[PDB]
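Make a model of this:
(14 chains, ligands or ions: 64)
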Amino acid sequence: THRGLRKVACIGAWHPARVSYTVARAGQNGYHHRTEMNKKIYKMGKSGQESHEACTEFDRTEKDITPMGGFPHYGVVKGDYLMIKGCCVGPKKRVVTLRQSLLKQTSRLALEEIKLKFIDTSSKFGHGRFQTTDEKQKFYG
Amino acid sequence: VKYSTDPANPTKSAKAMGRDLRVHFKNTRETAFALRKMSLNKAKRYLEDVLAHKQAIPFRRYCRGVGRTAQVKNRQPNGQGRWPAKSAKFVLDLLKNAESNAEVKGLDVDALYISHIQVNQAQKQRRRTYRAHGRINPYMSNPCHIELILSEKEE
Amino acid sequence: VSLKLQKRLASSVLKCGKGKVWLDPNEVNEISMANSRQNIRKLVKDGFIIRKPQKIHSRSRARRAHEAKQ
Amino acid sequence: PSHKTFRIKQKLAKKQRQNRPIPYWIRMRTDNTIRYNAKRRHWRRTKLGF
Amino acid sequence: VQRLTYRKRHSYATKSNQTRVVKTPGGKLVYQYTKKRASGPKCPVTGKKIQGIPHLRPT
Amino acid sequence: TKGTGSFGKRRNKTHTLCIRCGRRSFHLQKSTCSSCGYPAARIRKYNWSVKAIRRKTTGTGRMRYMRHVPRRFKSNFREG
RNA sequence: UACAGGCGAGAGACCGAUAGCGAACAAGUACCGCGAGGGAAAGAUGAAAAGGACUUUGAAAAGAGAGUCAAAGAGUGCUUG
RNA sequence: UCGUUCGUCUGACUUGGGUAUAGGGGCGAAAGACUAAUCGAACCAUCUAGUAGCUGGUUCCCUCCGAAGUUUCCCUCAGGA
RNA sequence: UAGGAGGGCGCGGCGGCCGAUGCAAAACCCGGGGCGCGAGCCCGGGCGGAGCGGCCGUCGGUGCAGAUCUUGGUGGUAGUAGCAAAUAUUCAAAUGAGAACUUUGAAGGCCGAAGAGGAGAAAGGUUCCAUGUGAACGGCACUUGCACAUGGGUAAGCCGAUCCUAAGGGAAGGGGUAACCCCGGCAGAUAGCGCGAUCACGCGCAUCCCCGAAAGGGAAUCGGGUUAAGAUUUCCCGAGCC
RNA sequence: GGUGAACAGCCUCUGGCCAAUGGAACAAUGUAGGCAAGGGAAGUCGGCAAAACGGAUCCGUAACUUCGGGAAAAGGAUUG
RNA sequence: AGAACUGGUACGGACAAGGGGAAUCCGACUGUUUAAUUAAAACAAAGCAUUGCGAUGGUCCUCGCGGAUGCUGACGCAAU
RNA sequence: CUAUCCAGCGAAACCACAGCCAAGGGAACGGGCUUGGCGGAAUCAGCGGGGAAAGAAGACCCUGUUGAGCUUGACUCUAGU
RNA sequence: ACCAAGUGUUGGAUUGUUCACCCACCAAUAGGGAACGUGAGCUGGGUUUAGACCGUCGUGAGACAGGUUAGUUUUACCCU
RNA sequence: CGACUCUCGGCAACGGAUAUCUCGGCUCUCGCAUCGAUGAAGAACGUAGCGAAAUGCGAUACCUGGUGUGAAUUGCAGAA
Ligand SMILES: [Mg+2]
Ligand SMILES: [Mg+2]
Ligand SMILES: [Mg+2]
Ligand SMILES: [Mg+2]
Ligand SMILES: [Mg+2]
Ligand SMILES: [Mg+2]
Ligand SMILES: [Mg+2]
Ligand SMILES: [Mg+2]
Ligand SMILES: [Mg+2]
Ligand SMILES: [Mg+2]
Ligand SMILES: [Mg+2]
Ligand SMILES: [Mg+2]
Ligand SMILES: [Mg+2]
Ligand SMILES: [Mg+2]
Ligand SMILES: [Mg+2]
Ligand SMILES: [Mg+2]
Ligand SMILES: [Mg+2]
Ligand SMILES: [Mg+2]
Ligand SMILES: [Mg+2]
Ligand SMILES: [Mg+2]
Ligand SMILES: [Mg+2]
Ligand SMILES: [Mg+2]
Ligand SMILES: [Mg+2]
Ligand SMILES: [Mg+2]
Ligand SMILES: [Mg+2]
Ligand SMILES: [Mg+2]
Ligand SMILES: [Mg+2]
Ligand SMILES: [Mg+2]
Ligand SMILES: [Mg+2]
Ligand SMILES: [Mg+2]
Ligand SMILES: [Mg+2]
Ligand SMILES: [Mg+2]
Ligand SMILES: [Mg+2]
Ligand SMILES: [Mg+2]
Ligand SMILES: [Mg+2]
Ligand SMILES: [Mg+2]
Ligand SMILES: [Mg+2]
Ligand SMILES: [Mg+2]
Ligand SMILES: [Mg+2]
Ligand SMILES: [Mg+2]
Ligand SMILES: [Mg+2]
Ligand SMILES: [Mg+2]
Ligand SMILES: [Mg+2]
Ligand SMILES: [Mg+2]
Ligand SMILES: [Mg+2]
Ligand SMILES: [Mg+2]
Ligand SMILES: [Mg+2]
Ligand SMILES: [Mg+2]
Ligand SMILES: [Mg+2]
Ligand SMILES: [Mg+2]
Ligand SMILES: [Mg+2]
Ligand SMILES: [Mg+2]
Ligand SMILES: [Mg+2]
Ligand SMILES: [Mg+2]
Ligand SMILES: [Mg+2]
Ligand SMILES: [Mg+2]
Ligand SMILES: [Mg+2]
Ligand SMILES: [Mg+2]
Ligand SMILES: [Mg+2]
Ligand SMILES: [Mg+2]
Ligand SMILES: [Mg+2]
Ligand SMILES: [Mg+2]
Ligand SMILES: [Mg+2]
Ligand SMILES: [Mg+2]
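Numbers count the residues shown, from 1 in each chain, chains lettered A, B, ... in the order given. Ligands and ions are numbered 1, 2, ... in the order given. Right below this line is the structure:
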């Protein structure tokens, strides 16, 4: 196609003799405001007791929630924290507002109790292969 | 030889002129419209600071296409301005020549100010540029006359 | 100060190339002051204008290549 | 050409002399209208056509 | 390797423009312009050469 | 092609200076001047261009001899 | 008796610089075309250059004072504009 | 015209200079191609201010009067009597 | 409306009449005052610095908003499109008012030898070389330049033209033609006569002129130096050749 | 000069240049160049464009044939 | 030419450098062509055939005189 | 590499005036008219719905008592034989 | 048949085709308008110049709402 | 208030219309008849203390000589 490929060919019929607001145009993408609802809470890490760390009832390698070498672009988590299933709006370090649901949670998928087995800790920077720097040090010597 | 506007007080005001200056008329107009009614010392600071690409001359009348800057928010909120260096460097020369005129007359060069500044079109100069399909078009400059009068401010 | 007239007239005197003429940058004044082939030649004997040595193109690698082909 | 006939050499000699600014004392001469040499010729612009 | 130029204005490589490379007492290669090859004289009857006559350009 | 590619091969001179008229109109291959008609005995002149006639009629040159003829008519060709 | 050529004269209910010859002027010129051929634009300071000495800012062009002039704001493409 | 990709490359081959053919003529391994950016008839000047029932324009005010698209004929129907 | 007529307004001359004008004419500008329904006119003020108006008769290249009207100027578009091929520049120093662009040096690169090297033919015609630079030009810039200004420079017995012919071209006599002009073998006491002899004469005359190649044929030159710019073989030095 | 069959391409020496207006940023759409998981022309009028094959040595080489070819057929192996 | 060893089975390591096959239509091939939108199946070609002509001649040019084929002559010129 | 911004330089096509819509009527598809919807300075860079956008006195068709090339059993002639 | 236009209505063979007609999936493979929506959005297959070939026609130049092949797709930076 | 836009006046620019001119044109009329082989018209090249054009002239070269007038040329210098 002469004059470029990546575009919309027809931006509307002759009549109305205007560009409809619903035709796809080129402009800002991202950094939009979005509410994304129904994210489940898996674990609360409250600093200062046994429930903080990334030790489940099955795995017992005494490790904290932060991966090896800190969270990329964010650093090391020391304070309290939540762990939500699925993704989160915005990049790392972004402030987010956690709001109670407006709906009435009654479905099974809302009522499952969540019991973990293993909290991956291998560094998210590259292909992490060990869970703890201590175990990497024992593996290398 | 007489300027468009006569001074508020002729004996206590210096005046300087230039004709057929080879600089852009539009750019120099946009310079002058920022320099009107400024103190002389602050005008030298400002304009040399413009040529130093650190403060911007707002573009208001001949502005369509001029990109935006943050450097000109204080005086044109939508921030549309440029740093016309040749225009500024030509206007500096007349500000200095009128400072010299006022010095010779005996005025307070510390208390002088821009009482009247006017840029105006001149006789265009002709050049030719060659286009597709064997056509030519004129390629002409817009030289300007720059005309300014410093007066001593009064209480 | 321009020494184009002395890069030329020095290639012509040394019988070399403009890229091989070398005018000692410390005393450009006298080089400029000498405006003739005669006065270029006295500068040549006085050591202010020299032929840079020809850039090296060693065939040591060609010799060793053929010696590894025999 | 470096091999030019004598006719062309003789007639290119004259167009050398034909190309000079007017003497300055022409301008001060009384009841004069000469403002410049309005018949100058430049070698890249006007070819002599011969 | 010190390329060469014609010593004349005959810029085309015709038969009359035979060139021989020589190295001069100046350490510099140049052209010399040679004579063209001459047949020499021949006997009409048999077409064979005439002996004792050098094969020279006629003039 | 025709045009720009083909204007580069204007290299040889069809016309050179005539000796009778000094115009660059001497067609060499044909050996005739294309303005004065040289080497014809008579000058090439045509009534379909009075503009071309006036450019080279009598009076556009020195008239080294005819300028004096009126003066010699006056006093009727006298020599002492 | 004829006479848009030439030489020399005289007149005009004509044209007044986009007019009148193409040409008031270095006009059949500058310029274009290989060539036949095409072919313009361009007039006015002032009475007299008396064409702006000099001082000062500027690298310089110029500016600002000054001076010449009846006027230079008539200041070398300069009558009015 | 530029880029890449292409055709041929000892041949009916590629090319410089000299020279011949000039307009209803040339030349054409034939496309109405080429003949100086012009070719199903070059370009320049002249006859020439070609002709046109056709298109476009057609310059100041007020006052007064103020229509026709119909008949007849015409190679006549966009026209004229 | 198309159209027709009447009466007037206005521009420029001519024959007359009445005037104005250096105490300011013509023109042009004005938020100035008016007259006429209107074409238009009268007055005021400013610039202007030498001519001008009114009335009667009469004459005309006589009235513009259009014609993709003609010439000249000016806008909006617009400080917008744009300045993008050929790998690439970087650092000190010098000059300079001013340096990304000048010059020197250093470093990195490209052309890569069917080159972005060294020389020529045609073509150009002074662009060559030096010194200087206000402007203009070098689509940014400049101290710089192939720009502007003033000077200088091209040396031949040997390198070419010159000489000879090619395709071909012009031509004397003649043939054609109204004449310019067209035909060159058509054979004409042919253009030219030649050579030996002048202490003169004898013999011959045959396919009978000129032009046409700086790539065909061809009397003769090599080496080393030298200039701001000429020369390799043009000048100088040596040695030769026709 | 090297590689190489090679006046191919690629790199260097002599000679010549860094002349194509520069500063900042790396958004969309472009111009030029690439790479892509599984599939492999379903895309489209159409395998347009791109990818793939490509040198050399050894082996092998069909139909058809004007008995000259097809043929560098196809199909394999090796390469420092 | 052959061999032993060696490498993260990589080796024409960059560059350079055929995709192959089964068929149909058209033109035999090579070649030429609408410069600036058509490169082809179009034009040409050798091959085949036909026609005119024995010089006081055939085809043709020329306003005329005269001229081209023809420095020729049927194993040739000329027109298809 | 551009596009973007910046320094410097810096055009052209085009242009009655201009630029928000719906429906109606209308030379039968309006930016202007009528009835409504609305409507808040000034700029930045894109884009290709519209401006029945620009380019061009439509080549398709027709009209012309306009041509031109070509053909032949058109009409009137002509070199040549 | 009713209230019902919110939502959806596909991948492919052949043809330039709209249309058509098959294979398959599907819940379904409904119809339509928007200057027969949409070329300064693309493509240029068809058609619609100039090349060329066949057939029928015409004595011939040429014609074909017959078939085939090759055939340049320009501009936004203005207003909205 | 302010920027932008539109607009009015004053002043300044760009531009060169108008007004007044005119060593020029055009038109009419009249008088005369005088180019060239004793080399014309045309062309080229030269020529000045400082000149390129135009005007002039020709190696005696912006002139030589006679006659007439009678104290200049002129932009600068100079011999006079
Ligand atoms: Mg395309
Ligand atoms: Mg990661
Ligand atoms: Mg061109
Ligand atoms: Mg050879
Ligand atoms: Mg040629
Ligand atoms: Mg020729
Ligand atoms: Mg008149
Ligand atoms: Mg005139
Ligand atoms: Mg005056
Ligand atoms: Mg006066
Ligand atoms: Mg004036
Ligand atoms: Mg190409
Ligand atoms: Mg040839
Ligand atoms: Mg040839
Ligand atoms: Mg042509
Ligand atoms: Mg008429
Ligand atoms: Mg006409
Ligand atoms: Mg009509
Ligand atoms: Mg009638
Ligand atoms: Mg009239
Ligand atoms: Mg008018
Ligand atoms: Mg008008
Ligand atoms: Mg009108
Ligand atoms: Mg821009
Ligand atoms: Mg570009
Ligand atoms: Mg070679
Ligand atoms: Mg070279
Ligand atoms: Mg130079
Ligand atoms: Mg520049
Ligand atoms: Mg000769
Ligand atoms: Mg020769
Ligand atoms: Mg020769
Ligand atoms: Mg000697
Ligand atoms: Mg090898
Ligand atoms: Mg190679
Ligand atoms: Mg893939
Ligand atoms: Mg497919
Ligand atoms: Mg398919
Ligand atoms: Mg499909
Ligand atoms: Mg298909
Ligand atoms: Mg392909
Ligand atoms: Mg095969
Ligand atoms: Mg073929
Ligand atoms: Mg073509
Ligand atoms: Mg093609
Ligand atoms: Mg015969
Ligand atoms: Mg800018
Ligand atoms: Mg509407
Ligand atoms: Mg409209
Ligand atoms: Mg309304
Ligand atoms: Mg932009
Ligand atoms: Mg915008
Ligand atoms: Mg766009
Ligand atoms: Mg649009
Ligand atoms: Mg029409
Ligand atoms: Mg009729
Ligand atoms: Mg006819
Ligand atoms: Mg008949
Ligand atoms: Mg559209
Ligand atoms: Mg097609
Ligand atoms: Mg066709
Ligand atoms: Mg038939
Ligand atoms: Mg058909
Ligand atoms: Mg048809």
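
Quickly note the distance from the residue of chain E found nearest RNA strand I to RNA strand J.
Distances between chain E and RNA strand I by Cβ to the nearest atom of the strand are smallest at residue E:26, namely 2.4 Å. For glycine as for every other residue, the C-beta is placed from the backbone atoms N, C-alpha and C. Relative to RNA strand J, residue E:26 is positioned 16 Å away (Cβ to the nearest atom of the strand, to the nearest Å).

Contacts for stretch D:16-33 next, please.
Where contact means Cβ atoms under 8 Å, 6 or more residues apart in numbering or on different chains, the residues beyond stretch D:16-33 that reach it are D:34, D:35, D:36, D:37, D:39, D:40, D:41.

can you do 7 Å?
With Cβ atoms under 7 Å, 6 or more residues apart in numbering or on different chains as the contact definition, stretch D:16-33 has outside contacts at D:34, D:36, D:37, D:40, D:41.

Stretch C:16-34 too?
For stretch C:16-34, the surrounding residues in contact (Cβ under 7 Å, 6+ apart) are C:1, C:3, C:6-7, C:10-11, C:14, C:40, C:43, C:48-52.

buried stuff in it?
The neighbour-count criterion (16 or more other Cβ atoms under 10 Å in any protein chain shown) identifies C:16, C:21, C:22, C:23, C:31, C:34 as the buried residues of stretch C:16-34.

among the contacts of stretch D:16-33, which are within reach of RNA strand J?
Near RNA strand J, judged by Cβ under 7 Å from any atom of the strand, there are no entries from these.

and the top helix by length along chain B with RNA strand N, contact?
As far as residue count goes, and with DSSP state H defining each element, the longest helix of chain B is helix B:85-105. No: judged by Cβ under 7 Å from any atom of the strand, helix B:85-105 stays clear of RNA strand N, getting no closer than 14.8 Å.

Centroid-nearest residue for chain B?
residue B:32 (3.6 Å; Cα atoms, centre = their mean).

Between its first and last residues, what's the separation in stretch A:52-63?
The stretch stretch A:52-63 measures 10 Å between its terminal residues, going by Cα to Cα, to the nearest Å.

Run the chain-centre distance for it.
Here stretch A:52-63 is found 21 Å from its chain centre; the criterion is Cα atoms, centre = their mean, to the nearest Å.

Show residues contacting that stretch.
For stretch A:52-63, the external contacting residues (Cβ under 7 Å, 6+ apart) are A:45, A:46, A:64, A:65, A:116, A:117, A:118, A:119, A:121, A:131, A:132.

Which of these sits closest to residue B:56?
Comparing these against residue B:56 with Cβ to Cβ picks out residue A:65 as the nearest, at 49.8 Å.

So the closest one sits against residue A:77, correct?
Yes: under the criterion of Cβ atoms under 7 Å, residue A:65 makes contact with residue A:77 at 5.7 Å.

Tell me how far the nearest residue to residue B:101 once chain neighbours are set aside lies from RNA strand L.
With sequence-adjacent residues excluded and distances taken as Cβ to Cβ, 6 or more residues apart in numbering or on different chains, residue B:101 is closest to residue B:14, at 3.9 Å. The gap separating residue B:14 from RNA strand L is 26 Å, by Cβ to the nearest atom of the strand.
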